[PDB]
């Protein structure tokens, strides 16, 4: 079975060219009448870019991107590439390479039904000018106000990291129940920052160690912290010297 | 076969009720679904007046005569009549009574072809205020100017009579060749006058007796008059007494 | 109502000719038309019913055709016993309206013998003097007559009488009456009638003087 | 291009409900419409081809219907693993246009557990202070967290992150971050986040003070 | 008003005119019979008498149209008169009158009083000899007091297995009982109280009297079913005319032509079929053009056998709205106008031909095409081109947006 | 334009769509074929494949219409594909392709390459069993270099006893000799010089290449005539498409659908039939809506199998005026417009349906109705009401007055 796999840099500066590559495994692009690129901007629907025959070099491009997109070939390496230039912040999407399928019926009718039966897993291409930065992660210590019906949660705040993605594990992956890793949000500074918290019974506070293990492979950053509820008695000890 | 016969006065003064009667012989008015009246003014075409069913008392009348015409009925004497009120000089005509005939085809179509199969002999009804008057017959004597190609003509002049008709017989009906009884005309005074002349060889003048017998039965008038050439020598014999 | 107009009003044709009589209706009648032959002095006789049927007893020379607005009465082989007044009749609706009538005439050209008759003496004693002009055996019936009195045309005192066409030579006789009084008779000398006829190359004028016998 | 509009943009139903997703075409395609299921974080999967064909391997509860302008995706017996974004696609003409996508959630009412976390002191040495308001296990996703400081509204400095619906308890976790500078941090006393939620009859307010430990 | 007249063999040469037409529609299957003459429509020689059933279909413009699959023609067209057609269960029964003495309405005294029924199949088969054309024998005509009985009218109804052809019964005039005081002569003066009785036959002295009604032809009577005559109720009674009972909106509606003084349209819902009681609609806007004595909009009791057949099909019963083609003229039978009328006002109309286009018997049938009320109106329009009569059909869609 | 399709068994139910139509007119007799499916047109179950001959007659309004006299249906609708029809001497010969492996165009390699030819009588007899439907056997198909030969196109022509069904010849791609220097890429730059060769078959790497042509079926060959394939000349050569050779004004005209990059209309006068040399009109105003890569008005040599069959009938040869129904749209198969055009200008046009009316294969045939150039155009119009494709006929008279 034909298996697709996108490949390319996850971050592209504004007003340059995307360099994507769909390595085709399990089949040669000499067959497969058309090979398409489909992207999906975050929070918006899928929208189609263009196709390449594989057998031929003839392309079609979406008229909304016809003046920008370039779809190339390499029969030797059995892959077809994507070149979208002068990209803006609106070109951030998840780019899928798909194997185009045409259903011909009654071959006196050359109008086939077109869809994409084989899809690549897709890759997130973020159009931003920010540079790769290691995450600065700050713990979220529980307090007396962090209780609701005998349950107190805790976590740590990932701040000012780029690019995507981060994998925040708890207790070296041992803690799974109650773990909520929120999706990242783009700040006004251009750097991502997400939260990661876990809900545990309030009776287990102070007896078990909770650690969030931030993994940022684009910058090769490892952040391990211990989470401890805020101290309340170490500041009111003022000595009266007589 | 059904024989009709109109009957009524030939003299009707202006502005009263015309009174005709169509006696039906050879058939009963109980038959013959419709019975119509038709008149024909002299010099103009036939026009239709109205019908009576016979078996019924329903009448239809010509809209040009609907306000004046009344058609009565009589089972006892098997005759139907006509009553034209306010007769004018334009009502002078020959009034016919006719059996209205209906040709029904395909008796899901009740619209028959209507025509008149049996007509009465007709009667001339003249609207004139003049009273019945006998004719005055004055000779049209032959003269030297009444000759053409060896033929000399002579005749009688009927003057100031009413009504129609007058039968002008010649030599007690013995003369038949060349008889031309001219139709009468209506004068400004209202009295009829027609001519009655004969063409005979000019060699037969003075040897044959030519008399016209005018018969006017409405006034019971019988006129017998001889036509003789005008004397030309009895006026120039003036005696010279010496 | 439905106006029934014929054409021509009066036609003339010889024996054995094909005569077409047309009767046009104001409204559209389907075939509800009948043809009548009105002999002079006799009641009309039905010839053709439903505009296309030869009635029993009618000679086959009478043929009728047409429907809608135009209707045709055709006499294929004309005969001397077919010179009468032919009327169309519509039965489609009421009032039944006849045609204005068609007159059929014998086409035989003949020249008249012109005669003039002075008034009689007892006619003069009666108070009036009517000059009579005679036109015997002419054709066509339509002609032109003028009263000339002392080389002066007189109008408004003429009465015309022409017989229907005979069956012995199929010609016509004309008679105009010049109704004048006594004193009106003696105030002129010459009394003449002008004759204009198709068969006469020149206008034949018969005249007589009061002083001549 | 041919515009595919989906309605609704996001619907929610329980297990076993009958879900109908429509995809209206701006231009009339005959039947050249295909339906895709896009699982969270997975490549889209073709469910219905030619708008009426159930593909090989997809359960029979999925059904597509309609031709022309109106196309419907019907799920007869909705199932826990049928909870993803559904997109229509037209092959009638090129460019191929997908629908905006219809997201399907789990209709199970729940109430949130409102938590608030003061910033850590090491973060206070870092340079910025971000206060985070925590909402766990609620439904539906559409809720409002309004950041109020000293009972005075603050806007323009809030970032919200709502996790995808987990398959364990079918609920939501919300994390709102109040990014602010230090000078603003000690210039104010009360830092509170209000929770207005369908499952909560009254607006639950959770707050903390810097001077209270 | 859309011409669909090309779907029947109405188009002949200019020497033949199409007379005595028929149109009987039921459950998507129609009937059509006509008499081709040679020359004039009145005195012409009969060429043939098509009697052909078929089916009502659709073109690409949602316009219903006719299509004869099965056609039967009698060996002697001169002896088939006043056919009536009733659908029943994939067969289409056409009942006519056999007469060797001409039209039995005209020559009624010498009529043989013999009828013929011709079964036709609206879905003929390849070799269905006795299945397609099987003229049945009617050896038992239950008349009653009537001397002769006719099927007289284009279409009838079926009541399950029972047929009801529109009919007429030739009752002898002497044994006809009618109280002259019931003659409505109060409003107008030119009407004797004895005009109602005499106008009840084609002549005031006719030997027979035409009394319209129905012919109960029950198929469950065995191999030789009986033709039972059902006379009509005496309320608003006039001469027997070509009637039409049709099943419209559940209940039969009985149209009965105005061939006499009651020139206003005489049709209404049927309260009961046997005996025949018709609740005549009190209509005051729709009438027919009578020729001489009983023109359009005449209600005085008058002795006349005049008028034309202009049926009206009930297209709405909650509002009593019906439709049909009526000749908008007083005396001349012309200007066929497709009108849709209530009992007291004409709602809207469509002039089918020119102002002076001579017209004749119109047969209007309405039905549902995908829950849309269409109407096929067979109008005998006089074509001025070839100067003959041709039945012209008019597929008219009743609009919902005014 | 006038819809006239009411006389055919085309109108099915709302769940069945009519596909693969046919229309072939010669000397007053037509032919019609259509495959009624169940459900969708693309993935439905084939219900029946009517192959019916008939007559083109005049209705009562000087408008021609189709009247089937003879209808034949094969026992298995799933094994009948790409029928072609030719008239010859009061018989009407329809030559189809038998295929148990699906469409022979689509599943070409496993296709048996076996043809069947079904004669139908334009005037069927009462008991003409072997006269009406005599399915001829084709035991010898003289192909030549072509591995498989199939009738592919609606209508053909005759010269006496010889028939010419438009066909396509499955030539193995390796044996197809084409010079890439003949590929006209001079004018535009996005066309490689090798697109003309790969676009000559359905897929660029397809095993077979389609080559349009004709099927000579000489009737005077005895009891078993041979079906000889005659290829088309290489002048302006593109993929084999459903062709149409028709005898207009004395000389055959060969339409050949534009199922390739050559989107301009490809029809013209025929210099000679054997070998098939067609003088293609250098036409630059008429094209067809291609779907994705070769839309309307595309002349670049491009690899695509797109387009739609919209034939054009030569209605005048002195001025080379031709008429037909074309979908006035760049990509979508919509807006069927009956245009009358020269080689470089559209003289006039008549829009058959709405602007956004989905349309498909159109077959246009023209003739003389009493020296009046009429045209019956079978257009598949997507009825938005019941949401099915149904071939609508269109009687269009070419106006002689501007």
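Chains as they are written, first to last, in the deposited numbering: chain E, 1 to 242; chain C, 1 to 242; chain D, 1 to 213; chain F, 1 to 213; chain B, 200 to 601; chain A, 200 to 601.
Even for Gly, the Cβ is constructed at its ideal location relative to N, Cα and C.
Counting the other CB atoms within 10 Å of its CB gives residue 510/A a total of 16 or more, which places it among the buried residues. By the C-beta density criterion, residue 32/D is buried, having at least 16 other C-beta atoms within 10 angstroms.
Within the region 508-537 of chain A, no residue places its CB atom closer than 8 Å to a CB of chain B. Only residues of its own chain outside the window of five on either side were considered, and among them 25, 26 have a CB closer than 6 Å to the CB of residue 3/C, listed in chain order. Our two residues, residue 576/B and residue 564/B, have alpha carbons roughly 6 Å apart in a direct line. Per the Cβ contact rule, the region 121-132 of chain F is in contact with the region 165-183 of chain F (3 or more Cβ pairs under 8 Å).
Residue 580/A places its beta carbon 7 Å or farther from that of residue 222/A.
By the criterion of at least three beta-carbon pairs nearer than 8 Å, the region 153-169 of chain E is in contact with the region 208-227 of chain E.
By the Cβ neighbour-count rule, residue 263/A is buried, with 16 or more other Cβ atoms within 10 Å of its own.
For residue 355/A and residue 439/A, the gap between their C-alpha atoms comes out near 16 Å. For residue 222/B, none of the residues of chain A pass the 8 Å Cβ criterion, the least Cβ distance being about 16 Å. A Cβ of chain B is located within less than 7 Å of the beta carbon of residue 210/A.
Using a 10 angstroms sphere on the CB of residue 489/A, the tally of other CB atoms reaches 16 or more, which defines it as buried. Between residue 21/F and residue 97/F, the CB-CB gap reaches or exceeds 7 Å.
Closest in C-alpha terms to residue 309/B, from the list 526/B, 601/B, 405/B, comes 405/B. Against chain D, the CB of residue 153/C has a partner CB under 7 Å away; the residue lies at that interface. Interface residue (Cβ-Cβ distance to chain A less than 7 Å): residue 56/E is classified as such.
The beta carbons of residue 597/A and residue 572/A sit closer together than 7 Å. Counted as a single uninterrupted DSSP element, the alpha helix (DSSP H) harbouring residue 121/F occupies residues 121-126.
Contacts with chain B at 7 Å (Cβ-Cβ) include residue 202/A. Considering only beta carbons, the part of the region 106-120 of chain D lying closer than 8 Å to chain C consists of 113, 114, 115, 116, 117, 118, 119, 120, in chain order. In terms of Cβ geometry, residue 178/D and residue 147/D form a close pair [threshold 7 Å].
Chain-ordered, the chain B residues with CB closer than 7 Å to the CB of residue 27/D read 531, 555. In this structure, residue 495/B sits near residue 529/B, with a CB-CB distance shorter than 7 Å. Under DSSP, residue 582/B takes part in a beta bridge, and its partners are 587/B. Between the C-alpha atoms of residue 136/F and residue 2/F there is a straight-line separation of about 42 Å.
With respect to chain B, the C-beta atom of residue 64/D has no partner C-beta closer than 7 Å. At a cut-off of 7 Å between beta-carbon atoms, residue 50/C makes no contact with chain B. Among the bridge pairs identified by DSSP, residue 453/B is matched with 444/B, 467/B.
Taking 7 Å as the cut-off, the Cβ atoms of residue 537/A and residue 524/A count as close. Taking 7 Å as the Cβ-Cβ cut-off, the region 32-57 of chain F approaches chain E at 32, 34, 43, 44, 46, 49, 50, given in chain order. Of all alpha-carbon atoms in 83/E, 154/E, 193/E, the one lying nearest the alpha-carbon of residue 175/E is that of 154/E. By the Cβ criterion, the region 81-98 of chain C is in contact with the region 122-134 of chain C, since at least three pairs of Cβ atoms, one from each stretch, lie closer than 8 Å. Any Cβ of chain B closer than 7 Å to the Cβ of residue 329/A would place that residue at the interface, and such an atom is absent. In the DSSP assignment, residue 22/E is bridged to 6/E, 80/E. Residues 228, 252, 253, 254, 268, 269, 286, 289, 290, 291 of the same chain have their beta carbon placed closer than 8 Å to that of residue 321/B, with the five preceding and five following residues left out of the count.
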